[PDB]
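# Secondary and tertiary structure notes
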Amino acid sequence: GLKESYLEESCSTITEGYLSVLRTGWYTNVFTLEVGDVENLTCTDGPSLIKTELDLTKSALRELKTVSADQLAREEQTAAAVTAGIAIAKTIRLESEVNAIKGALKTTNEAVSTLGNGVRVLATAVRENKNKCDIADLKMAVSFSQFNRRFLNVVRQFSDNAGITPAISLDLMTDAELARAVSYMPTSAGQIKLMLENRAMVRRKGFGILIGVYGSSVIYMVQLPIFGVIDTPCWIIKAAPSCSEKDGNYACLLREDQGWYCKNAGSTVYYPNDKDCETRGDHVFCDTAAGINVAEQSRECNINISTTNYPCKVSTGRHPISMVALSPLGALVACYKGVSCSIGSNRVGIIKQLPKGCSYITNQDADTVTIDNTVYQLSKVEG
Amino acid sequence: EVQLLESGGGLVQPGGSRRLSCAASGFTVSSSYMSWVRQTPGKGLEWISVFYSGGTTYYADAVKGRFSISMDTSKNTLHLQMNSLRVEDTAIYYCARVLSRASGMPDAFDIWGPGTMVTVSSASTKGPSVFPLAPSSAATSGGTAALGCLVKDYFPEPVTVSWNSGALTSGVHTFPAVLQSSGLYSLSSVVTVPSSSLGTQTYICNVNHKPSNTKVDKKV
Amino acid sequence: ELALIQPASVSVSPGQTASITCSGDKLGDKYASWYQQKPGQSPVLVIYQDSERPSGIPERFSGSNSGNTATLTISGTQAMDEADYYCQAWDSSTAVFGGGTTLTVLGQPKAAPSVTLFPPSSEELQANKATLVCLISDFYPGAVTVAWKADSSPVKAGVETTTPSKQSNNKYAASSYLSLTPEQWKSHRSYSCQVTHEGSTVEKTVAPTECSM
Ligand SMILES: *[C@@H]1O[C@H](CO)[C@@H](O[C@@H]2O[C@H](CO)[C@@H](O[C@@H]3O[C@H](CO[C@H]4O[C@H](CO)[C@@H](O)[C@H](O)[C@@H]4O)[C@@H](O)[C@H](O[C@H]4O[C@H](CO)[C@@H](O)[C@H](O)[C@@H]4O)[C@@H]3O)[C@H](O)[C@H]2NC(C)=O)[C@H](O)[C@H]1NC(C)=O
Ligand SMILES: *[C@@H]1O[C@H](CO)[C@@H](O[C@@H]2O[C@H](CO)[C@@H](O[C@@H]3O[C@H](CO[C@H]4O[C@H](CO)[C@@H](O)[C@H](O)[C@@H]4O)[C@@H](O)[C@H](O[C@H]4O[C@H](CO)[C@@H](O)[C@H](O)[C@@H]4O)[C@@H]3O)[C@H](O)[C@H]2NC(C)=O)[C@H](O)[C@H]1NC(C)=O
């Protein structure tokens, strides 16, 4: 289950019981899809009518295949921003090449690979002058084919985002093509039973890029996240301004510590990015390429905030800011100066009118929290 | 092996002051969160304080500006100093460790120690007078009959009872006390023993009552 | 604010699983713990973060805590489990127990007192005062009454009796003391300690002698 505790001195919330799922490295698997099977093609031309019209695709992406190779690649001369943004230099190995493994990769007989060779290794998956460039249609007896409606999307995914696909599609890496490709990942059998059961939260977290087109086949690279540490004790702090002391002045304070922390090693690694941490149920998916580390003498900061022991990361002011801050379970409220704050339910809009100070309200106690005329609705959702 | 021992209070007169101690084996102290939990005999448990190992400390409402919870962190002892002590405070006083969980927040009480009665009263410390109790002349019951010490008229509690030194274990029943009209405790001990061994084997009741600095051995 | 509250009484049929509730303020979902303390022992920790038993505790135990209320559940329910049970949690930064819950495992076999009555010691008399002894034991259930009779005409004056207490055996035990002037001792033929249990009544009796030892 999930627990939360409120610290009246720091006016902050600390929510515990999240089992962290942490990304460590990346499994890179290269699918290069060839054209086929076009082998059900008639022998004869006509300017009669159906389809093809997947030509403009094999151009449109071949077009921007140079755009990245020019506007980016040549012109090259916080997670995940840099990470896959940098992990392109995995492709500078893959592309700007000859085939490398290309044909010798899959060959016969498997569509799979054991290892991709290279300056480094990789997966190789797959499916399907005087070249094509074919022009025709003829009406004889028509069936579903010449759209496997699989590649056709791959471009609109690649082109609309300019070669870098923000997440892994169903048709970019097939459900079982992604499932099996999990089975080969370098950690354990523990994270597998999860990463398979969690599969969608991989794809949201993935990156993908186009190795090549040519005419030969369309070669793209799917990078996947891999989580090394499956179940770990991680927890999240939420803060609001703790102000005090009215003789007609105000002495105020704020925690700068939030919101996330986890410790695998253990060493306690803290995740300051508003992004980089996401919740599904109990589990918390965080990006290990974020940081930093701090000591396990961080812990103290919760208990006495004024500790000479490990001076805590805070903020001072004679300036109070009346504001609201939401928790995984309840919500914190700080009403200061001349302002007016209250709560409410779905069946009554104003139930209690809150004191001026820091005050904590669980989701049994209220739903609405009215701030001076912005309503915060009390979520089940975290920071 | 990890365990705690609390250093007795004994008897303290009301308006009193006194200071306990817990020293523990098998782990540091400033390492861990620790605290003090008291129980008045026969009733339930009451947390009276906690020590957060940063030096930071919180007290239960019922004692504040009275009790101070300390550390030597040299002798590896934990201190609770009690002041302006009052009748209600009379109780056992347990020391036990508080686990650290994962983040800084406190979790459970893993190990305790037997704890040592404070009795707070305005009254006279009185050690026991121990009279032995002779085995029945009748024979031979089960081949077995029953002898033991009687610890009489003693204050305040507790009173340890052994037999010989510890090597006599089984067969032993050391009764709970009785508070008297005079308000002085009394006690007993009894050993079921073979009549066949009597007169060969010899029995010493062994009594220690600390607050009266009274050690005694009676034969029997 | 916090105060926990749990029912001071629970019963169980032996082997049939049973369990106890501790509910206060918001336990939602607050970190619990569960203590078992048999008489005169320090209490030992049966379950902590929650429904999580520490190393070397029987797995017939386990917890549940959701919302208002936390509940400790015992699957096996053996009579060795008969005890006080306490639960605790944390608040502000400070702890809280609530003390209620004894258990029972019924019905135990009804068993009767084994009585040992001691006549006062030599040194005792030699100290110019005499105090008798009556020692009950290994009985059940735990309610009993004491009769003090001198020459089989009772006198209940000058006697201090305990209030019967349990023992590791999970049968009860208790003791009672007649105090006299030695002269009163010799001035009478016979002294009897009569305990009445179920109405089934066990009496052992002693009297002055010259014999050593
Ligand atoms: C693209 O090109 C390929 C190949 O030319 C097409 O694939 C063929 O598709 C058809 C239609 O479904 C298949 O026709 C089937 O042939 C079977 C016979 O071959 C069997 O031969 C022996 C036993 O005789 C078996 O060992 C072997 O396994 C084969 O099964 C039939 O079993 C099939 O079922 C039934 O067909 C008729 C029913 O009306 C009966 O006459 C049969 O007795 C039988 O019950 C079926 O006829 C054909 O096999 C496929 N060939 C190949 C190589 O794959 C694609 O269809 C085409 N794509 C498009 C869009 O047109
Ligand atoms: C979280 O952390 C803080 C600080 O560590 C604790 O709050 C207390 O804060 C003060 C100042 O920061 C701490 O330091 C001082 O302790 C002194 C001890 O008491 C004296 O008085 C008696 C009485 O006769 C003497 O017997 C005794 O030996 C001492 O000399 C005080 O003297 C200090 O006075 C301060 O006065 C002013 C403030 O008004 C300052 O300007 C001075 O510099 C001076 O420090 C002061 O109180 C104090 O130690 C802290 N408390 C404790 C128990 O250590 C919080 O207590 C802590 N959170 C919790 C729950 O304890």
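### Notes on a nonpolar patch on the surface
Residue and element names in this part refer to chain A. A surface patch of nonpolar side chains, about 280 Å² in accessible area, is lined by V348, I350 and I351. Structurally, the position occupied by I350 is in the loop between β18 (342-344) and β19 (358-361). For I350, a relative accessible area of 52% puts it in the exposed group.

### Regarding the sheet that holds strand β10 (residues 109-112) of chain B
Residues and elements named next belong to chain B. Across the sheet, five strands lie side by side as β6-β5-β4-β9-β10; this open sheet has antiparallel pairing. With one partner strand each, in any of the chains shown, β6 (57-59) and β10 form the two edges of the open sheet. Averaged over all pairs of adjacent strands, the angle between their axes in this sheet comes to 30°, without regard to strand direction. Here three bridges tie strand β5 (residues 45-51) to β6, and the two strands are oriented antiparallel to one another. By the bridge assignment, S49 is partnered in β6 with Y59.

### Looking at the pairing of strand β2 (residues 12-33) of chain A
All names here are of chain A. Pairing between strand β1 (residues 3-7) and β2: five bridges, direction antiparallel. Residue pairing for β2: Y6 is matched across the bridge by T13. What sits between the antiparallel neighbours β1 and β2 is a turn of four residues, in which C11 has the positive phi angle 45°. Here β2 runs beside strand β7 (residues 233-239); their pairing, made up of six bridges, is antiparallel. By the bridge assignment for β7, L19 is matched with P233. Alignment of β2 against strand β13 (residues 283-287), held across four bridges, turns out to be parallel. In the sheet register, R23 faces β13, and the bridge partner there is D287. Two elements, β2 and strand β6 (residues 218-229), share 11 bridges in a ladder whose sense is antiparallel. Residue pairing across strands places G25 opposite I226, the latter belonging to β6.

### Digging into the state of the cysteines
All chains considered together, the criterion is met by 10 disulfides over all chains. Note on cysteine connectivity: A:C234 is disulfide-linked to A:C262, with sulfurs 2.0 Å apart. Pair noted here: A:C234 is in strand β7 and A:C262 is in strand β10 (residues 259-263), with a separation of 28 residues, a long-range link. One exposure class covers both A:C234 and A:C262, and it is buried. Disulfide partner of C:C22: C:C87, at an S-S distance of 2.0 Å. What sets the handedness of the C:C22 and C:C87 disulfide is the S-S torsion sign, and at about 85° it is right-handed. You can see C:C22 sitting in strand β1 (residues 18-23) and its partner C:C87 sitting in strand β6 (residues 84-91), a full 65 residues away along the chain. Exposure remark for C:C22: the relative accessible area of 1% places this residue in the buried category. Each bonded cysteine of chain C gets a number by its place in the sequence, and the pairs then read 1-2, 3-4. The cystine pairing of chain B, numbering bonded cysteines in sequence order, is 1-2, 3-4. Residue A:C133 stays outside any disulfide, its sulfur separated by 20 Å from that of A:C43, the closest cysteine. Its relative accessible area of 68% is what places A:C133 among the exposed residues.

### As for the site of ligand 2
For ligand 2, the full set of nearby residues is A:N304, B:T56, B:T57 and B:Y58. Residues near ligand 2 are shared among chains A and B, making this a multi-chain site. Separating an oxygen atom of ligand 2 from a side-chain N or O atom of A:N304 is a distance of 2.4 Å. Between B:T56 and ligand 2, the recorded distance is 3.2 Å, taken from a side-chain N or O atom to a nitrogen atom. Contact with the protein chains covers 18% of the free accessible surface of ligand 2, which is 1000 Å². Of the residues that constitute the shell around ligand 2, the class distribution is one nonpolar, three polar and no charged.

### Quick notes on the pairing of strand β5 (residues 69-74) of chain C
Residue and element names in this part refer to chain C. Across the two faces of β5 the burial differs, with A70, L72 and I74 buried and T69, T71 and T73 not buried at all. Alignment of strand β4 (residues 61-66) against β5, held across six bridges, turns out to be antiparallel. Note that in β5 the partner of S62 across the bridge is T73.

### A short note on the side chain of B:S49
Residue and element names in this part refer to chain B. Topologically, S49 is positioned in strand β5. For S49, a relative accessible area of 2% puts it in the buried group. Those residues in contact with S49 that lie beyond four places of it in its chain are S35, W36, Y58, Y59, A60 and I69.

### Let's talk about the environment of A:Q297
Residues and elements named next belong to chain A. Its location among the elements puts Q297 in the loop between β14 (293-294) and α9 (300-303). The spacing of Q297 and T268 is 29 residues in sequence and 9.3 Å in space, taken between C-alpha atoms. The contacts of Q297, once residues within four sequence positions are left out, are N309 and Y310.

### Let's talk about the interface of chain C and chain A
Opposite the four residues of chain C that make contact, chain A presents seven residues. Of the roughly 570 Å² buried between chain C and chain A on both sides combined, carbon and sulfur atoms contribute 54%. Contact with chain A buries area across many residues of chain C, yet C:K26, C:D29 and C:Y31 alone supply 73% of it, more than any other trio. Our count for the contact surface shared by chain C and chain A stands at one salt bridge. For C:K26, the salt bridge is made with A:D365, and the minimal N-O distance between the two is 3.5 Å. Applying the counting criterion to the chain C and chain A interface returns zero residue pairs in polar contact.

### Some remarks on the environment of A:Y270
Residues and elements named next belong to chain A. Position of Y270 relative to the elements: it lies in strand β11 (residues 268-270). Taking the C-alpha atoms as reference points, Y270 and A290, separated by 20 residues in sequence, lie 8.1 Å from one another. Reaching out from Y270, the side chain makes a polar contact with the backbone oxygen of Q258 at a distance of 2.7 Å.

What counts as what
- Shown numbers run from 1 along every chain as its sequence is written, which may differ from how the entry numbers residues; residues without coordinates are omitted from display.
- For this description, chains carry letters from A and ligands carry numbers from 1, given in the order in which they are written.
- Based on all heavy atoms of the structure, the side-chain values leave hydrogens and waters out of the count.
- Residues with missing side-chain atoms are left out of burial classes, side-chain pairs and their counts.
- Without a salt bridge and with relative accessible area above 30%, a residue can belong to a patch; like charges are then joined within 9 Å and nonpolar side chains (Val, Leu, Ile, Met, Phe, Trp, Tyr) within 5 Å.
- Computed with the Shrake-Rupley method and a 1.4 Å probe, the accessible areas treat only the protein chains shown as cover for residues.
- For salt bridges, the criterion is a side-chain nitrogen of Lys or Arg within 4 Å of an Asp or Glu carboxyl oxygen.
- Strands are runs of DSSP state E lasting at least 2 residues, helices are runs of H or I lasting at least 4, and numbering of each runs from the N terminus.
- Here the term buried applies to any residue with accessible area under 20% of the maximum for its type, exposed to any over 50%, and partly exposed to those in between, with areas from a 1.4 Å probe on protein chains only.
- Pairing between strands is defined by DSSP: at least two bridges between them are needed.
- Lines fitted to C-alpha atoms define the axes, with helix axes restricted to the stretch in contact, and inter-axis angles between N-to-C directions lie between 0 and 180 degrees.
- Criterion for a disulfide: a pair of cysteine sulfur atoms at a distance within 2.5 Å.
- One heavy atom within 4 Å of a molecule or strand is enough for the residue carrying it to be called near that molecule or strand.
- For this analysis, a polar contact is any N or O atom pair within 3.5 Å, provided that within protein one partner can donate a hydrogen and the other can accept it, and provided that sequence-adjacent residues contribute only side-chain to side-chain pairs.
- Note that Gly is not counted as nonpolar here; it falls among the polar residues with everything else outside the nonpolar set of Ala, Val, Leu, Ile, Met, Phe, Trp, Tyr, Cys and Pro and the charged set of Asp, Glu, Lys and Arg.
- Should any heavy atoms of two residues lie within 4.5 Å, those residues are considered in contact.
- Buried area counts how much accessible surface, traced with a 1.4 Å probe, disappears from two parts once they are put together, with both parts' losses summed.

Everything listed here is a matter of geometry and, on its own, says nothing about what the molecule does.
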